[PDB]
Amino acid sequence: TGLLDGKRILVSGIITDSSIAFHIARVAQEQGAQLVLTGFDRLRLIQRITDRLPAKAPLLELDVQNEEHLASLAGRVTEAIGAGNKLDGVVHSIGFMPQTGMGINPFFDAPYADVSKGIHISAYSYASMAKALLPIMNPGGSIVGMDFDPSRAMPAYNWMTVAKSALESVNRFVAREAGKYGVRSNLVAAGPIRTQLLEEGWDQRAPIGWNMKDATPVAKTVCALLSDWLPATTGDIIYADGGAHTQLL
Amino acid sequence: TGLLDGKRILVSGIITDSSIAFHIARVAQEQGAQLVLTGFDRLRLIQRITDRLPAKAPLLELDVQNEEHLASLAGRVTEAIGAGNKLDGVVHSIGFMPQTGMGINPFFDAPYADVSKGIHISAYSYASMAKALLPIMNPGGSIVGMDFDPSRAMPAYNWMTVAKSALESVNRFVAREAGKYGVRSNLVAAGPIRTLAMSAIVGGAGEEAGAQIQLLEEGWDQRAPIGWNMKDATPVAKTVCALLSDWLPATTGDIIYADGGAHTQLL
Amino acid sequence: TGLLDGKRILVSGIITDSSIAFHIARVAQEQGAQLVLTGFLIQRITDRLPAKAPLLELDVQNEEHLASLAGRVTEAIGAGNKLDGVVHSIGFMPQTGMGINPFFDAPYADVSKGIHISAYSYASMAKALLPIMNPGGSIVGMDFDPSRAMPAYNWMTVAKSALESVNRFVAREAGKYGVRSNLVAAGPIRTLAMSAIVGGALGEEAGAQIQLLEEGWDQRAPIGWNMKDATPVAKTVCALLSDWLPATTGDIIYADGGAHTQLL
Amino acid sequence: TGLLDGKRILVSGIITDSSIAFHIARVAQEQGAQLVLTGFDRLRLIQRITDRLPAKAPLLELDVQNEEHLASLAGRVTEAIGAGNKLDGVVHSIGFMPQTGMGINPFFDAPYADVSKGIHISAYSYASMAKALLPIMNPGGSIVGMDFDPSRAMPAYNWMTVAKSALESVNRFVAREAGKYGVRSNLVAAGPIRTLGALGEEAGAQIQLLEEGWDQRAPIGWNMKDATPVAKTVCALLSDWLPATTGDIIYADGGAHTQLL
Ligand SMILES: NC(=O)c1ccc[n+]([C@@H]2O[C@H](COP(=O)([O-])OP(=O)(O)OC[C@H]3O[C@@H](n4cnc5c(N)ncnc54)[C@H](O)[C@@H]3O)[C@@H](O)[C@H]2O)c1
Ligand SMILES: NC(=O)c1ccc[n+]([C@@H]2O[C@H](COP(=O)([O-])OP(=O)(O)OC[C@H]3O[C@@H](n4cnc5c(N)ncnc54)[C@H](O)[C@@H]3O)[C@@H](O)[C@H]2O)c1
Ligand SMILES: NC(=O)c1ccc[n+]([C@@H]2O[C@H](COP(=O)([O-])OP(=O)(O)OC[C@H]3O[C@@H](n4cnc5c(N)ncnc54)[C@H](O)[C@@H]3O)[C@@H](O)[C@H]2O)c1
Ligand SMILES: NC(=O)c1ccc[n+]([C@@H]2O[C@H](COP(=O)([O-])OP(=O)(O)OC[C@H]3O[C@@H](n4cnc5c(N)ncnc54)[C@H](O)[C@@H]3O)[C@@H](O)[C@H]2O)c1
Ligand SMILES: Cc1cc(CNC(=O)c2cc(CSc3nc(C)cc(C)n3)on2)ccn1
Ligand SMILES: Cc1cc(CNC(=O)c2cc(CSc3nc(C)cc(C)n3)on2)ccn1
Ligand SMILES: Cc1cc(CNC(=O)c2cc(CSc3nc(C)cc(C)n3)on2)ccn1
Ligand SMILES: Cc1cc(CNC(=O)c2cc(CSc3nc(C)cc(C)n3)on2)ccn1
């Protein structure tokens with residue numbers, strides 16, 4: 001008798017057992033969901049990580065930069081869940097920015113080819129995934145993506161912050177399309193998770209604190225959006241950040 | 001096996017069976033919550049309405065402008081739920097603005113005594129309720145208030161919009177205090193719902209105020225990617241129950257929009 | 001050949017020569033404006049401005065002062081003349097609502113007084129003065145970014161959230177007269193009151209909390225922030241009073257060194 | 001005695017005399033600024049347009065997708081304004097999105113190559129221009145870019161709206177770098193401007209309703225034919241009168257974004 005009992009949910013973005021997607025998948029299975037997982041490049045490695053989950057789930061390859069992977073995705077999901085069955089949820093937990101665009105590298109030294117790759121994977125793909133999967137989603141369905149509050153600039157995050165600002169915009173347009181299918185589209189803006197000064201300021205600002213080593217409160221928030229309990233929320237952002245973004249000091 | 005099984009929750013703001021609080025109370029009871037209800041002024045009338053809920057719940061009087069009611073509230077709640085027991089949730093579903101501060105009356109013609117009364121009830125009382133109830137709340141607890149997105153000005157709502165802007169600010173300060181108890185504080189920003197006063201304004205009780213409200217409501221369902229039904233409070237009640245649950249444990253001082261996604265779209 | 005040459009502007013809120021309104025008035029006069037001042041002992045401070053200006057009494061909690069204001073201004077500027085600008089630089093919150101006092105311990109009578117003066121009066125002033133304002137005119141109020149909660153500011157932060165909402169409604173009314181209404185959100189300024197807190201008037205704990213809040217502003221601001229200098233704020237107000245932001249109304253301009261745009 | 005007397009300002013983005021940049025250049029010259037103009041591809045056509053400005057100004061070629069044009073830009077500007085002189089202002093008034101990403105085409109049918117080109121020109125180039133020009137900018141200087149409020153989704157604008165969301169984020173990072181030079185960076189978010197039945201009946205009606213809603217929402221109204229209030233706002237940011245504003249957005253939209261109805 002779980003929160004997601006009988007729901008068929010696709011979860012992308014598992015690479016390690018510290019991945020936010022790994023925790024989303026674990027909580028969803030604990031809550032009765034039947035999962036379909038997608039992984040990128042290191043599929044044998046990802047399959048071994050998926051063996052750590054409480055229940056067995058099919059693993060499909062999905063490189064969001066590969067248009068053939070996207071064109072075949074719905075058919076491959078249908079084969080995994082069975083003909084006549086549709087998805088109730090989709091989790092986009094994919095992000096990438098080359099070292100030139102995120103870290104110590106000066107903001108101005110990131111070449112556009114690197115930034116474009118990062119934007120393709122971190123923002124445009126949220127629209128690609130919705131385009132591929134909306135034709136196989138049930139009404140009352142839910143699409144959830146992962147965000148990192150980009151409303152204010154900050155050190156090091158640089159072009160990944162720019163990619164998240166683009167993602168938030170993409171999410172609002174995806175909600176317009178998803179609405180035609182009776183499907184919601186939302187992002188969960190998480191605080192920093194270990195998957196230093198800027199990061200420690202989070203626990204200080206958060207009225208309920210913030211534990212960077214614990215992805216479970218973020219996974220629970222994603223599951224709340226996948227459930228039938230936020231039925232009037234779409235094109236929106238839910239902050240699972242300890243309330244840090246609501247406080248200056 | 002409900003979403004709020006075994007939770008003790010205080011729900012304020014029931015006046016009619018169209019009240020958002022009535023629907024919050026109904027959904028919470030359907031989901032296994034044990035309620036304590038608070039009502040203002042028309043207690044015999046409220047008791048007749050609360051009899052329509054799926055389960056019996058104690059009804060306590062609470063006028064948020066009454067210091068004595070606030071000073072005795074925690075003790076009265078403890079008597080209702082039993083000594084040694086504490087609340088897991090609190091719902092503030094209280095709002096008021098005199099006629100001078102809403103509708104057709106010009107924005108500039110609202111006297112400050114009327115505006116102040118509206119702000120006391122609609123915004124300051126969210127802090128009063130939290131002050132009175134945090135000492136009797138369990139860790140992991142949740143305080144939820146009702147909001148109407150005041151980020152942009154709109155016709156007729158006038159000083160009620162101003163009161164909601166103040167409420168959003170109060171919520172962020174309440175979260176700082178509630179955090180000390182391991183309690184979350186958040187607001188649910190709902191789209192327009194046909195409750196007692198909303199139906200009267202739409203019916204013109206001035207022509208202009210109702211016509212502007214009519215265009216505002218029509219636009220809401222148009223802008224909402226999933227549509228918006230003003231006659232249905234259940235999606236709003238479900239959203240409040242999600243915040244009262246253990247499923248949004250890292251959200252505080254925040255606003256969740258249960259508005260069909262209308263605020264995310266220009267047209 | 002100043003930015004505000006020939007403009008007739010009302011400036012409220014001068015109490016000391018450290019008042020933001022004192023600097024706004026000074027810069028406006030330097031830029032060719034003809035002022036009318038309102039105060040609520042102030043004449044000796046207003047005499048320190050570069051040019052002579054009539055001083056009118058205005059207690060924003062006094063309905064009679066508000067009812068007579070337009071008539072008194074017309075008498076000061078001469079029959080047939082109207083105002084081009086209005087500056088609201090008024091704010092108040094009792095000690096129970098801001099400072100060391102717990103957020104929960106502020107009685108509503110104190111909060112309501114603070115909201116009356118700091119937020120509602122922006123609407124009162126616009127109601128009184130719009131009938132004597134020229135098209136292309138400008139109303140400007142002072143704000144302190146209340147988007148996120150912070151220590152000590154407490155109910156003054158709540159009053160500013162209310163003021164931002166009031167400004168958006170005032171813009172609707174002012175638009176009917178071809179008048180703009182905007183707020184300038186300033187970073188913290190070392191006014192007579194603020195310098196005392198730094199010195200230790202609030203005590204060790206809150207004095208350190210406020211110092212972190214202040215050091216953080218200059219750190220976050222890409223161009224830095226000088227709390228001892230009100231001139232960048234006065235210049236921003238004058239930009240809004242000018243003809244150079246003709247399509248901005250119901251809005252907030254941040255004169256805060258860009259601090260509100262940065263997390264760290 | 002003008003608002004920008006003696007200031008040396010670079011203005012990019014003139015293509016026609018309806019371009020917002022044409023109006024920014026005109027107002028800045030009326031206010032005493034000495035300009036350097038940059039144009040893309042159709043330079044002869046651009047020269048004919050810039051002949052219509054009140055004063056003569058050097059025109060430099062700048063394709064923001066061309067790394068060689070960006071690498072040589074500072075040197076070429078220095079040659080135009082004279083050695084030992086620096087810029088006081090920079091105006092980025094550049095935008096592009098292919099027809100697959102903006103207009104009638106479904107949001108989902110825009111290929112990434114088209115979206116990426118649009119993002120390169122409309123958002124990333126704001127950072128490229130700042131990188132090239134900050135070494136030749138004076139303290140107290142100002143960089144201004146053009147925005148269209150992307151806080152809420154809307155019909156047709158689609159991936160251009162996404163590019164503007166990216167641009168607003170880029171501006172906040174550019175402000176961090178510009179601050180090291182004592183230079184401000186800000187965007188002006190304009191209401192819709194009629195620059196240079198084409199969309200059909202359905203799309204044409206939705207775009208007209210979207211565009212007309214601005215004048216209705218704006219407390220002071222909005223004139224879609226007139227770029228001058230937008231040009232004046234840009235010049236206010238280029239002036240010394242907003243010295244404490246950076247990484248920010250000034251709305252020159254009649255106040256439409258502050259009203260729901
Ligand atoms: N870690 C944090 O502090 C934090 C904070 C807020 C939000 N987020 C977001 O959460 C999401 C998950 O990140 P994470 O922290 O779990 O990191 P992660 O490294 O564990 O996950 C990122 C995933 O993206 C996948 N990916 C990269 N390129 C891909 C491609 N071409 N096709 C498909 N998938 C591809 C990777 O294989 C990986 O599984 C991201 O969107 C991230 O930005 C993370
Ligand atoms: N109806 C809408 O369109 C709408 C939209 C968004 C949010 N909301 C908010 O939802 C909440 C509930 O409103 P509703 O629409 O159900 O209307 P309602 O009239 O049914 O409920 C308002 C409640 O406030 C109570 N109240 C007033 N003065 C009080 C006092 N002094 N002490 C205690 N309680 C007092 C009333 O007795 C009533 O129970 C309010 O905060 C309202 O602003 C309503
Ligand atoms: N750090 C700061 O000082 C700071 C930061 C941002 C914004 N602001 C705002 O700037 C404005 C000016 O404040 P300041 O810092 O110059 O302080 P101040 O004390 O010099 O000015 C406040 C003024 O309000 C006046 N006032 C109070 N009650 C009044 C009443 N009933 N009627 C009329 N006037 C009344 C006082 O007489 C005084 O002139 C306020 O709105 C304030 O909130 C200040
Ligand atoms: N027109 C409106 O309704 C509106 C509204 C808000 C903001 N804006 C913005 O204002 C700016 C100017 O747009 P406009 O309306 O004047 O249109 P426009 O077509 O006249 O100007 C766009 C300019 O971008 C230039 N450009 C395109 N590709 C380029 C490249 N590779 N290198 C260099 N420059 C390149 C073009 O040559 C042209 O001069 C843009 O940023 C636009 O998004 C326009
Ligand atoms: C090859 C290489 C690349 C990098 C830079 N970043 C990533 O690879 C990278 C990892 C991720 C996961 S997405 C993400 N998103 C946020 C908001 C924070 C974090 C830590 N990861 O994205 N990009 C550094 C060193 N070596
Ligand atoms: C004669 C008369 C008096 C009033 C006074 N206001 C209320 O009763 C009142 C009721 C409520 C419920 S709270 C609320 N909140 C929003 C956002 C909208 C509405 C209509 N009500 O607020 N004010 C109104 C109409 N006609
Ligand atoms: C020592 C002490 C005294 C008070 C009484 N209020 C003021 O002095 C007062 C002055 C003002 C001017 S408005 C203002 N606004 C901001 C945002 C900051 C400051 C310092 N003053 O308002 N209230 C309150 C707290 N602590
Ligand atoms: C028929 C058609 C053609 C295109 C090709 N792009 C442009 O003409 C073009 C011109 C511009 C200038 S930037 C701009 N920015 C905004 C916010 C609005 C407009 C109309 N142009 O950008 N792309 C696109 C859409 N529909």
Side-chain angles (χ1 to χ4, degrees), chain A residues 12-16 18-23 38-42 46 62-66 69 92-97 120-122 125 145-149 160 163-164 167 188-193 195 212 215 218, chain C residues 12-16 18-23 38-40 42 58-62 65 88-93 116-118 121 141-145 156 159-160 163 184-189 191 193-194 227 230 233, chain D residues 13 15 94-98 100-105 118 121-122 146-148 156-157 160-161 164 190 192-193 195 198:
Chain A
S12 65
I14 295 169
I15 190 59
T16 78
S18 66
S19 107
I20 299 174
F22 181 87
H23 295 273
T38 78
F40 165 66
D41 197 54
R42 307 150 102 177
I46 297 163
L62 175 68
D63 170 3
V64 296
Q65 293 198 281
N66 191 317
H69 287 192
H92 180 283
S93 183
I94 289 164
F96 178 73
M97 185 62 66
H120 193 165
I121 296 163
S122 312
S125 73
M146 299 308 303
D147 189 18
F148 186 58
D149 184 15
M160 176 58 88
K164 297 299 188 178
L167 175 64
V188 171
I193 297 287
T195 59
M212 300 187 291
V218 175
Chain C
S12 67
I14 294 167
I15 190 60
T16 76
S18 65
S19 291
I20 296 175
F22 183 86
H23 296 280
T38 78
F40 184 39
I42 294 163
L58 175 69
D59 170 4
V60 297
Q61 292 198 284
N62 192 317
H65 287 191
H88 181 284
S89 184
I90 291 165
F92 178 74
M93 187 59 66
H116 192 165
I117 295 163
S118 312
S121 74
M142 299 308 304
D143 188 19
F144 186 58
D145 183 16
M156 177 57 90
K160 296 299 187 178
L163 176 63
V184 171
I189 296 287
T191 46
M194 282 282 215
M227 293 199 298
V233 175
Chain D
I15 189 61
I94 290 166
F96 177 74
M97 186 61 67
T100 54
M102 182 186 181
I104 63 157
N105 204 48
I121 298 165
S122 312
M146 300 307 303
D147 188 21
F148 192 56
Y157 286 88
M160 179 57 91
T161 297
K164 295 300 187 176
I193 296 288
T195 52

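When a ligand or atom number is given, it counts from 1 through the structure's own listing order. Residue numbering restarts at 1 for every chain, and letters A, B, ... go by the order of the sequence lines. We use all heavy atoms of the structure for the numbers below, so side chains are in, but hydrogens, waters and symmetry mates are not.
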S.K.: Considering the heavy atoms of C/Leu58, write down every atom of ligand 3 situated less than 4.0 Å from one of them.
M.R.: 32 (N), 33 (C)

S.K.: Could you check whether any side-chain N or O of A/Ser19 sits under 3.5 Å from a backbone N or O of A/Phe22, counting only pairs where one atom can act as donor and the other as acceptor?
M.R.: yes

S.K.: Considering only heavy atoms of C/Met194, which atoms of ligand 3 have at least one such atom less than 4.0 Å away?
M.R.: 1 (N)

S.K.: To which of C/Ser19, C/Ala230, C/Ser89, C/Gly91 does the heavy atom nearest atom 11 (C) of ligand 3 belong?
M.R.: C/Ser89

S.K.: Please say whether A/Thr195 places an N or O atom under 3.5 Å from an N or O atom belonging to ligand 1.
M.R.: yes

S.K.: Below 4.0 angstrom from a heavy atom of C/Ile189, which ligand 3 atoms are there? Numbered from 1 as shown, please.
M.R.: 1 (N), 2 (C), 3 (O)

S.K.: Quick one: CD1 on C/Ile14 to CD1 on C/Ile42, what's the gap to the nearest 0.5 Å?
M.R.: 8.5 Å

S.K.: Please could you name the atoms of ligand 1 that A/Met146 approaches to less than 4.0 Å, counting only its heavy atoms?
M.R.: 9 (C), 10 (O), 11 (C), 41 (O)

S.K.: Does an N or O anywhere in C/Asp59 fall below 3.5 Å from an N or O of ligand 3?
M.R.: yes

S.K.: So which atom in C/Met142 and which in C/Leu163 form the shortest heavy-atom distance, rounded to 0.1 Å?
M.R.: O-CD2, 3.3 Å

S.K.: Within the structure, does A/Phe96 bring an N/O atom to less than 3.5 angstrom of an N/O atom in ligand 1?
M.R.: no

S.K.: Could you list the atoms of ligand 3 found under 4.0 angstrom from a heavy atom of C/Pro188?
M.R.: 1 (N)

S.K.: NZ of D/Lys164 to CG of D/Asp147: how many Å apart, nearest 0.5 Å?
M.R.: 6.0 Å

S.K.: Is D/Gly95 close enough to touch ligand 8? Criterion: a residue heavy atom under 4.0 Å from a ligand atom.
M.R.: yes

S.K.: Listed by chain and number, what are the ring-ring contact (aromatic ring centres under 6.0 Å, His included) partners of A/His120, not counting sequence neighbours?
M.R.: A/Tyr124, D/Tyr112

S.K.: Considering C/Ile20, C/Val184, C/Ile14, C/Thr191, which one's heavy-atom position lies nearest to atom 16 (O) of ligand 3?
M.R.: C/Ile20

S.K.: Only heavy atoms of C/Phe144, strictly under 4.0 Å: list the atoms of ligand 3 that pass.
M.R.: 5 (C), 6 (C)

S.K.: Please list, in number order, the atoms of ligand 3 under 4.0 Å from a heavy atom of C/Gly13.
M.R.: 21 (O), 23 (C), 38 (C), 39 (O)

S.K.: Taking all atoms of both residues into account, what is the closest heavy-atom pair of D/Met97 and D/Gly118, and its distance?
M.R.: CE-CA, 3.7 Å

S.K.: Could you tell me which atoms of ligand 3, counted from 1 in the order shown, lie closer than 4.0 angstrom to a heavy atom of C/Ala186?
M.R.: 6 (C)

S.K.: Quick one: which ligand 1 atoms are inside 4.0 Å of a heavy atom on A/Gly191?
M.R.: 5 (C)

S.K.: Regarding atom 43 (O) of ligand 1: of the candidates A/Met212, A/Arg42, A/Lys164, which has the closest heavy atom?
M.R.: A/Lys164

S.K.: List the atom of A/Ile121, the atom of A/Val64, and the distance in Å for their closest heavy-atom pair.
M.R.: CA-CG2, 4.1 Å

S.K.: Between D/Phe148 and D/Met160, does a side-chain contact (heavy atoms from CB on, under 4.5 Å) hold up when you go through it step by step?
M.R.: CA-CA 9 Å; D/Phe148 192 56; D/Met160 179 57 91; over 6 Å; no

S.K.: Out of curiosity, D/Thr195 OG1 to D/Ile15 CD1, how far, rounded to the nearest 0.5 Å?
M.R.: 12.0 Å

S.K.: Counting heavy atoms only, which of D/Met102, D/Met97, D/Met160 comes nearest to atom 26 (N) of ligand 8?
M.R.: D/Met102

S.K.: Can you list everything that forms a side chain to side chain donor-acceptor pair (under 3.5 Å) with A/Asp63? Sequence neighbours excluded, please.
M.R.: none

S.K.: Show the numbers, then the answer: is there a side-chain contact (heavy atoms from CB on, under 4.5 Å) between A/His23 and A/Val218?
M.R.: CA-CA 8 Å; A/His23 295 273; A/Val218 175; over 6 Å; no

S.K.: Among A/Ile94, A/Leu167, A/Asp147, which one puts a heavy atom closest to atom 25 (C) of ligand 1?
M.R.: A/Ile94

S.K.: Does A/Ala21, backbone or side chain, put an N or O under 3.5 Å from an N or O of ligand 1?
M.R.: no

S.K.: Within the structure provided, determine whether C/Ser12 and C/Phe40 are in side-chain contact (heavy-atom separation under 4.5 Å).
M.R.: no

S.K.: Could a heavy atom of C/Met156 be found less than 4.0 Å from some atom of ligand 3?
M.R.: no

